[PDB]
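K.L.:
Give me a 3D structure for the following:
(one chain, ligands or ions: 11)
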Amino acid sequence: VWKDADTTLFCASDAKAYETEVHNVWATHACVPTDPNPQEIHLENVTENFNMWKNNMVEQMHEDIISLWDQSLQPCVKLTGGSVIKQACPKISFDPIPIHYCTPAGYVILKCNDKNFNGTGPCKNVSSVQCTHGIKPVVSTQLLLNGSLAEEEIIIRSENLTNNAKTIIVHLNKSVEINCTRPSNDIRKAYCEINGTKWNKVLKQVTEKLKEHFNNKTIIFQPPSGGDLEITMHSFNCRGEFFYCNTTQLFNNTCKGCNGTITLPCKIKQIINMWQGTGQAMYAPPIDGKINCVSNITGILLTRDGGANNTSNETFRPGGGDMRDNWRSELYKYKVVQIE
Ligand SMILES: O=C(O)CN1CCN(C(=O)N2C[C@H](CO)C[C@H](C(=O)Nc3ccc(Cl)c(F)c3)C2)CC1
Ligand SMILES: *[C@@H]1O[C@H](CO)[C@@H](O)[C@H](O)[C@H]1NC(C)=O
Ligand SMILES: *[C@@H]1O[C@H](CO)[C@@H](O)[C@H](O)[C@H]1NC(C)=O
Ligand SMILES: *[C@@H]1O[C@H](CO)[C@@H](O)[C@H](O)[C@H]1NC(C)=O
Ligand SMILES: *[C@@H]1O[C@H](CO)[C@@H](O)[C@H](O)[C@H]1NC(C)=O
Ligand SMILES: *[C@@H]1O[C@H](CO)[C@@H](O)[C@H](O)[C@H]1NC(C)=O
Ligand SMILES: *[C@@H]1O[C@H](CO)[C@@H](O)[C@H](O)[C@H]1NC(C)=O
Ligand SMILES: *[C@@H]1O[C@H](CO)[C@@H](O)[C@H](O)[C@H]1NC(C)=O
Ligand SMILES: *[C@@H]1O[C@H](CO)[C@@H](O)[C@H](O)[C@H]1NC(C)=O
Ligand SMILES: *[C@@H]1O[C@H](CO)[C@@H](O)[C@H](O)[C@H]1NC(C)=O
Ligand SMILES: *[C@@H]1O[C@H](CO)[C@@H](O)[C@H](O)[C@H]1NC(C)=O
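P.N.:
Numbering: from 1, shown residues only. Ligands and ions are numbered 1, 2, ... in the order given. Dropping the coordinates below:
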C-alpha cells in the first residue's frame, strides 16, 4: 500500500565526463548513472488518480533546470531589479540530454499507461517504476519541441477547460519538424522552415479536437494579443543563441494555394527577458557559421479568449510563459507515492 506523497528526488542521466556541453557537465556532477536494468511492475486491477497540474515532480524539475541554466548560461550583463551583475560571456556548447527523475528509498513512481489519459482524473492501467523515462528539458514558448508524442489521438490537457485563464496543452500524435537556420557569414536574421501540408493538416486535426471539447463551436486561431517578444514570438535556444520566431503564418485560419514550404522570419536576440526569474540578460553577438537546429514540434501551448460565452466561436492564441508547463508535458503520466 502507498499514500500520495512528496519527497526529494534524485536524477539519472548518461552524461559524458569529457563532453563540455553544459547539459552533460551539469548531469555529470548533479545526477547519477541511469538505472542499467530497469523493470516496471504492473499493479493488477489497480485504478489510481493523477493530477498533472498539481504534481510536485514538476516543481522539483523546474528547480533543476533553473540551476542548470544558472550554472551554464553566462551572460555578459545581467539586470535583475537594481542588480547589474557583469561577467565574461564565452560562447558555450548547448544541447539538452534526457534527464531521469528517480525516487529515494521508501517511495516509488506510479506510471499511467492509459493511452487516452488526459493528465487529470483516474487511470486503470497503472505500473510502478523507480525512475521516469529520459526527459529532455527543452526551454521554449508557444511550441513544445522534441518531446514525446501522444499515444493515440491528439490529447487536450487543461486543469479546467471551462476556466479561460488555465493554459491548454495540446499533445500531438504526429510530430511536425521545424528547421531553423542562420546562414553563414545582418547576422541576426534567421528563418524556420515548416512543411505546410504537414502543418496545416495537423492544425485541422487540432481544430476537430477543440470543437468536441467546446460544444463543436467555431474554432479560431489568432496570434498572441500583446505582450513581450518571448510571448508574442516562438522563442527557444539553438546552439546557445536565443531564437525568436514569428508564428503568424502558422495560425493562419485561412488554410487553396498554401501547400508549400512555410518560411517563418526569425531573429537571434542578445537581450532576453529571462524565464528563471524576473530580470534581463545580455549575451554576446552570435557565433559565425551556419547556426541550425532541426526539431520536432510535439505540442502546442494555447490560451483561450475570454468573454465569448455569448458568441458561437472560441478563439485560441499561442501562449507560453510558465516553463512549468513544458515540464508538465512530459511529467503528466507520473506521480510519487510513499510506499507503506
Ligand atoms: O513563475 C512565473 O510564472 C514567472 N516567472 C518569473 C519571472 N519570469 C518572467 O517575468 N517572464 C516574462 C517575460 C515576458 O513578460 C518572458 C519570460 C520568458 O519566458 N522569457 C524567455 C527567455 C528565453 C527563452 Cl528561450 C524563453 F523561451 C522564454 C517570462 C519568468 C517566470
Ligand atoms: C498497459 O500498458 C502496457 C504498457 O506498459 C501495454 O502493454 C498496454 O497498454 C496495457 N497492457 C495491459 C496488459 O493492460
Ligand atoms: C480528463 O478526464 C477526466 C475523466 O477521467 C475528466 O473529468 C476531465 O474533464 C478531462 N479533462 C479534459 C481536459 O479532457
Ligand atoms: C522526431 O520524430 C520522429 C518520429 O515522429 C522520431 O523518430 C525522432 O526521434 C524525433 N526526433 C527527435 C530529435 O526527437
Ligand atoms: C491523431 O489523432 C486524430 C484525432 O485527433 C486522428 O484523427 C488521427 O488519425 C491521429 N493520427 C495518428 C497518426 O494516429
Ligand atoms: C462565461 O463562462 C464561464 C465559465 O463557463 C461562466 O462561469 C460565466 O458565467 C460565463 N458568463 C459570464 C457573463 O461570466
Ligand atoms: C472551472 O472554471 C469555471 C470558470 O472559471 C468555474 O466556474 C468552475 O467552478 C471551475 N471548476 C473547478 C473545479 O474549479
Ligand atoms: C534544413 O534547412 C537547410 C536550409 O534551409 C537545409 O540545408 C537542410 O537540408 C534542411 N534540413 C532538413 C532536415 O530539412
Ligand atoms: C510535406 O508533407 C507531405 C504530406 O505529409 C509529404 O507528402 C511531403 O513529402 C512533404 N515534403 C514536401 C517537400 O512536400
Ligand atoms: C509577425 O509578422 C506580421 C506580418 O507578417 C507582423 O504584422 C507582426 O507584427 C509580426 N509579429 C511581431 C511580434 O512583430
Ligand atoms: C531537438 O533535437 C535535435 C536532435 O537531437 C537537436 O538537433 C535540436 O537542437 C533539438 N532542438 C532544441 C530546440 O533543443
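K.L.:
Which parts of the chain are helices?
P.N.:
Shown for the chain, the helices assigned by DSSP state H span residues 22-30, 56-72, 196-213, 229-232, 323-331.
K.L.:
Roughly how far does residue 35 sit from residue 198?
P.N.:
Distance of residue 35 to residue 198, computed by C-beta to C-beta, to the nearest Å: 36 Å. Bear in mind the C-beta positions are built from the backbone N, C-alpha and C, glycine included.
K.L.:
show me the contacts for residue 328.
P.N.:
Applying C-beta atoms under 8 Å, 6 or more residues apart in numbering to residue 328 gives the contacts 52-53, 55, 58, 119, 157, 169.
K.L.:
Which ones among those residues lie within strands?
P.N.:
Under the assignment DSSP state E, those contribute 157, 169 to strands.
K.L.:
thinking again about what came up before, between residue 35 and residue 198, which is the more surrounded one?
P.N.:
A direct count of neighbours by other C-beta atoms under 10 Å for residue 35 and residue 198 places residue 198 higher, at 16 against 13.
K.L.:
OK, contacts around that one?
P.N.:
Taking C-beta under 8 Å, 6+ apart as the test, what residue 198 contacts is 174, 176-177.
K.L.:
Buried ones among these?
P.N.:
Buried members of these, counted by 16 or more other C-beta atoms under 10 Å: residue 176.
K.L.:
on that earlier part again, now render the helices of the chain as JSON lines, adding distance to ligand 3.
P.N.:
Below are these laid out as JSON lines (distance: least, C-beta to the nearest ligand atom, whole Å):
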{"stretch": "helix 22-30", "distance to ligand 3": "32"}
{"stretch": "helix 56-72", "distance to ligand 3": "17"}
{"stretch": "helix 196-213", "distance to ligand 3": "6"}
{"stretch": "helix 229-232", "distance to ligand 3": "23"}
{"stretch": "helix 323-331", "distance to ligand 3": "13"}
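K.L.:
so which of those is the most packed in?
P.N.:
Mean neighbours per residue, mean count of other C-beta atoms under 10 Å, is largest over these for helix 323-331, with a mean of 22.
K.L.:
okay, the angle between that one and helix 56-72?
P.N.:
On the basis of axes from the mean of the first three to the mean of the last three C-alpha atoms, to 10 degrees, helix 323-331 is oriented at 120 degrees to helix 56-72.
K.L.:
Centre of the chain to helix 323-331, how far?
P.N.:
6 Å (C-alpha atoms, centre = their mean, to the nearest Å).
K.L.:
cool, stretch 74-86 as well?
P.N.:
Worked out by C-alpha atoms, centre = their mean, stretch 74-86 lies 26 Å from the chain centre.
K.L.:
Go ahead and name everything in contact with that stretch.
P.N.:
Residues contacting stretch 74-86 (C-beta under 8 Å, 6+ apart): 87-90, 92, 277-284.
K.L.:
These in strands, which ones?
P.N.:
Of the positions in the contacts of stretch 74-86, 280-282 sit in strands, assigned by DSSP E.
K.L.:
quick check, nearest of the contacts of residue 198 to ligand 5?
P.N.:
Nearest to ligand 5 among those is residue 174, at 4.9 Å by C-beta to the nearest ligand atom.
K.L.:
need the contact list for the closest residue in space to residue 115 that isn't next to it in sequence.
P.N.:
Residue nearest to residue 115 in three dimensions, not counting chain neighbours: residue 151, with 4.2 Å by C-beta to C-beta, 6 or more residues apart in numbering. Counting by C-beta under 8 Å, 6+ apart, residue 151 touches 115-116, 173.
K.L.:
Quick check: the residue of the stretch 151-300 of the chain nearest ligand 3.
P.N.:
With C-beta to the nearest ligand atom as the measure, residue 158 is the residue of the stretch 151-300 of the chain nearest to ligand 3, at 4.7 Å.
K.L.:
That residue contacts residue 167, correct?
P.N.:
Yes: Residue 158 is within contact range of residue 167, at 7.0 Å (criterion: C-beta atoms under 8 Å).
K.L.:
Is it possible to mark the buried ones in the ones in strands among the contacts of stretch 74-86?
P.N.:
residue 281.
K.L.:
give me the number of residues near the residue in the stretch 201-340 of the chain positioned nearest to ligand 9?
P.N.:
Going by C-beta to the nearest ligand atom, ligand 9 is nearest to residue 261 of the stretch 201-340 of the chain, at 6.6 Å. Each residue near residue 261 was counted by other C-beta under 10 Å, and the total is 10.
K.L.:
Thanks a lot, see you next time.
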